[PDB]
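Chain identifiers are assigned alphabetically (A, B, ...) following the order of the sequence lines, protein sequences preceding nucleic acid strands; residue numbering begins at 1 within each chain. Only heavy atoms go into these numbers, but all of them, side chains included; no hydrogens, no water, no symmetry mates.
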Amino acid sequence: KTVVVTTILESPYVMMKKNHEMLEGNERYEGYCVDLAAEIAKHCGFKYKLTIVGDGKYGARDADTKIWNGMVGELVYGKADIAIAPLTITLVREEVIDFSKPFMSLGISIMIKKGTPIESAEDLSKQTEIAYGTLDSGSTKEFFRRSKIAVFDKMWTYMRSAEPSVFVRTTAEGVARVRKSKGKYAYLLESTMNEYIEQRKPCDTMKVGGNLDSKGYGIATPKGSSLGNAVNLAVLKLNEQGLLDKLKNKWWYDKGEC
Amino acid sequence: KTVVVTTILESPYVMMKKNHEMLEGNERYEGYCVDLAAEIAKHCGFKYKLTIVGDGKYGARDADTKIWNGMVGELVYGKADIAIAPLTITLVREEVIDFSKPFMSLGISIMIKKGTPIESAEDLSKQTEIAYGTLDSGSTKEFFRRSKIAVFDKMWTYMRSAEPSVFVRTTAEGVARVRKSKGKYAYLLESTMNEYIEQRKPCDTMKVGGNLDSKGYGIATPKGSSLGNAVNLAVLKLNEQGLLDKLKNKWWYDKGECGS
Ligand SMILES: O=C(O)c1cc(O)cc([C@H]2CCN[C@@H]2C(=O)O)c1
Ligand SMILES: O=C(O)c1cc(O)cc([C@H]2CCN[C@@H]2C(=O)O)c1
């Protein structure tokens, strides 16, 4: 049976080729996760169809209805067989699906517009002139809410009370906010996205400071899936053989623009 | 039955306390992995016994005999229930035991004597006056042997043919060699150990450059063990709650001897 892969349209993980109207099926798309899906399938010996997650979401359980959205939802309700995407390995997700070991590492990080006199989280925490914030909901916002670290706690109390709101609706809005705010806004987002944008025109942003936490992206299959074991071994082999590092370099830097 | 934990005496992971003689059982020991064991056990609801791996090894399969040694071996052959140690998640190990998601990230990194004019692997590869090497067997050596990366290929060829030998038998030997070599020896080792040593007296070494690869330490259980599921969930909760970062900072930096 053909394996149904769910993934998400987000550069540079999955894009539609410029000539996509000339192509069919899996060949319409390109990117990091497109290449990885190919390697995973080759190493596990399956045929697959790439599909884009219906609701454009990653995977969250609605606190009221208990329903899972996004790619995780597509796995647990049987719409797809495997998710290959920048999907963070988290406890609540691990409880309902299986994750491979991580294929990429990342953490919360600071994006500034080039020129901004900020080099770290401590720098942000001790001032208020350069506003800074996060997505208006999600794990990053929650990281700050629950932090007991002095710097991060100070950043959190600043963010919640700051006027006007320092929170944004989408990461795209956050990046745009940095870019148009004339050095007066910094945005807190995944290091992977931060590092990618730094290599996109007009090359006006920069990742600064170390990551504030650590996590990884993992390939997700449903509990008891016949694919889980082989997929996991595949990730480790690709890492050990240098392929994941080669793939990140390809999509972030060789194809960079700055 | 009380869970049998196997681990290895390696600082700052597991250390005998200075007054260990006045103590008994698990209380004899301290370190990152001792703290981690307590938190894993707490969240999973089991009591445990910390035991030290009999043969002093991590886990490799002999090519000829095909026996697994070290902590992996103790799990594979049923001598221990769980391994909690700086044990790298690797493909060959993953095939014979179960691993939690990683509790610590790391990679191959360069240690220099403070003052050595070297910032990267590429720097090392382009010259010979500063000799450089690694453990004389194991994954870091094999990483270089098999690499297709031009720079690492060049370093492997250099290392294999360099005289006198640039390899060392142990980590301690490697560190001692860097420190006593007046800047003419650099040592390739795990970033985690590199970072630790930089915070130890006499504060005469430093980590330089990015890591050359990426991997993680994982909590290991025998394949199919009922402990695997809860232990993995525990690791994830501890990471997301900030505890793993807290333990790292505690043992590497709060207890560091070279200051901020
Ligand atoms: O850091 C956040 O606050 C955040 C909020 C979201 O709504 C989505 C994400 C995505 C981006 C890709 N990986 C995350 C994931 O897999 O869930 C991150
Ligand atoms: O970097 C090496 O080449 C290397 C060689 C070894 O013989 C042992 C180790 C240990 C140290 C802790 N983690 C590794 C592990 O889990 O195997 C590392």
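Note: A:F144 and A:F152 have perpendicular aromatic rings, judged against thresholds of 30 and 60 degrees for the angle between ring planes. Between A:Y185 and A:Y187, the angle of the ring planes stays under 30°, which puts this pair in the parallel group of the 30/60° scheme.
Closest approach of B:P12 to B:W251, counting heavy atoms only: CB-CB, 4.1 Å. B:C44 and B:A234 get closest at one heavy-atom pair: SG-CB, 4.0 Å. Closest of all the heavy-atom pairs between B:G216 and B:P102 is CA-CB, 4.0 Å. Looking at every heavy atom in both residues, A:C258 comes nearest to A:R200 through SG-O, 3.3 Å. Taking every heavy atom of both residues into account, B:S100 and B:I89 meet most closely at O-CD1, 3.6 Å. Nearest heavy-atom pair across B:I110 and B:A186 is CG2-CB, 4.2 Å.
Between the side chain of A:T205 and the backbone N or O of A:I112 there is no donor-acceptor pair closer than 3.5 Å. With hydrogens and angles disregarded, no donor-acceptor distance shorter than 3.5 Å links the side chain of A:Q199 to the backbone of A:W252. Within the 3.5 Å criterion, the main-chain N or O of A:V72 finds no donor-acceptor partner in the side chain of A:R93. Using modelled atom types, no side-chain atom of A:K79 and backbone atom of A:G54 make a donor-acceptor pair closer than 3.5 Å. A donor-acceptor pair under 3.5 Å is formed between the side chain of A:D55 and the backbone N or O of A:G70. No donor-acceptor distance shorter than 3.5 angstrom exists from the side chain of A:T116 to the backbone of A:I118, with no hydrogens or angles considered. Without hydrogens or angle criteria, A:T88 side chain to A:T90 main chain gives no donor-acceptor distance under 3.5 Å. Without hydrogens or angle criteria, A:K114 side chain to A:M206 main chain gives no donor-acceptor distance under 3.5 Å. A donor-acceptor pair is defined here as one N or O able to donate and one able to accept, closer than 3.5 Å; such a pair exists between the side chain of B:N26 and the backbone of B:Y48. A side-chain donor-acceptor contact under 3.5 Å links A:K101 to the backbone of B:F99.
The only member of B:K42, B:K250, B:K255, B:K246 that meets salt bridge (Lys or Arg N to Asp or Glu O under 4.0 Å) when paired with B:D35 is B:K250.
In summary, the side chains of A:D62 and A:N69 do not present any donor paired with an acceptor at a separation below 3.5 Å, with no hydrogens or angles considered. A:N211 and A:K207 form a side-chain donor-acceptor contact under 3.5 Å, judged by distance and modelled atom types alone. With hydrogens and angles left out, the side-chain atoms of A:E10 and A:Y196 include no donor and acceptor closer than 3.5 Å. With no hydrogens or angles considered, a side-chain donor-acceptor pair links A:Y217 and A:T192 at under 3.5 Å.
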Walk me through whether B:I219 and B:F103 qualify under side chain to side chain contact (heavy atoms under 4.5 Å, CB included). CA-CA 8 Å; B:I219 304 295; B:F103 63 85; 3.6 Å; yes
Could you go through B:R179 and B:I197, starting from their C-alpha distance and side-chain angles, then the distance that decides it, and tell me whether this counts as side chain to side chain contact (heavy atoms under 4.5 Å, CB included)?
CA-CA 11 Å; B:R179 289 186 156 146; B:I197 298 302; 3.6 Å; yes
Taking it one step at a time, do A:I67 and A:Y77 satisfy side chain to side chain contact (heavy atoms under 4.5 Å, CB included)?
CA-CA 10 Å; A:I67 300 166; A:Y77 310 130; 3.9 Å; yes
*Please test A:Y132 against A:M155 for side chain to side chain contact (heavy atoms under 4.5 Å, CB included), starting from the C-alpha separation and ending with a verdict.*
CA-CA 8 Å; A:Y132 59 94; A:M155 291 174 68; 3.6 Å; yes
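Between the CD1 atom in B:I8 and the OH atom in B:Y58 there is a gap of 4.5 Å [rounded to 0.5 Å]. Rounded to the nearest 0.5 Å, atoms CG (A:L75) and CD1 (A:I82) are 8.5 Å apart. Going from atom OG of A:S11 over to atom CD of A:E30 covers 9.0 Å, rounded to the nearest 0.5 Å. With rounding to the nearest 0.5 angstrom, the CG atom of A:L244 is 5.0 Å from the CG atom of A:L238. Going from atom NZ of B:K248 over to atom CG of B:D254 covers 12.5 Å, rounded to the nearest 0.5 Å. Atom-to-atom distance recorded for B:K17:NZ and B:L23:CG is 5.5 Å, nearest 0.5 angstrom.
In this structure, the side chains of B:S105 and B:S214 stay at 4.5 Å or more apart for every pair of heavy atoms. Taking 4.5 Å as the limit, every side-chain heavy atom of A:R61 sits out of range of all side-chain heavy atoms of A:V92. For the pair B:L50/B:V14, no side-chain contact is recorded, criterion being any heavy-atom separation below 4.5 Å from C-beta on. B:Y13 places none of its side-chain heavy atoms less than 4.5 Å from the side chain of B:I84. Counting heavy atoms from C-beta on, the side chains of A:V168 and A:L135 come closer than 4.5 Å. The shortest side-chain heavy-atom distance between A:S109 and A:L189 falls under the 4.5 Å cut-off. Using a 4.5 Å heavy-atom cutoff, the side chains of A:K215 and A:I108 are in contact. A 4.5 Å side-chain heavy-atom check between A:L87 and A:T7 finds every atom pair outside the cut-off.
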N/O donor to acceptor pairs below 3.5 angstrom from side-chain atoms of residues 156-165 of chain A, sequence neighbours left out:
{"from": "A:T157", "atom 1": "OG1", "to": "A:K154", "atom 2": "O", "distance (Å)": "3.2"}
{"from": "A:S165", "atom 1": "OG", "to": "A:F167", "atom 2": "N", "distance (Å)": "3.1"}

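Counting non-hydrogen atoms of neighbouring residues, nucleotides and ligands closer than 6.0 angstrom, the NZ atom of A:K180 exceeds 12 such neighbours. The environment of CD in A:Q127 is crowded: more than 12 heavy-atom neighbours from other residues, nucleotides or ligands sit within 6.0 Å. The 12-atom threshold is exceeded at CD of A:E95, counting heavy atoms of other residues, nucleotides or ligands nearer than 6.0 Å. Atom CD of A:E173 has more than 12 neighbouring heavy atoms from other residues, nucleotides or ligands inside a 6.0 Å radius. Counting non-hydrogen atoms of neighbouring residues, nucleotides and ligands closer than 6.0 angstrom, the CD atom of A:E257 exceeds 12 such neighbours.
A salt bridge is absent between A:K237 and A:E240; no separation between the charged side-chain nitrogens and carboxylate oxygens falls under 4.0 Å. Salt bridge annotation for A:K148-A:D153: absent, with no cationic side-chain nitrogen under 4.0 angstrom from a carboxylate oxygen.
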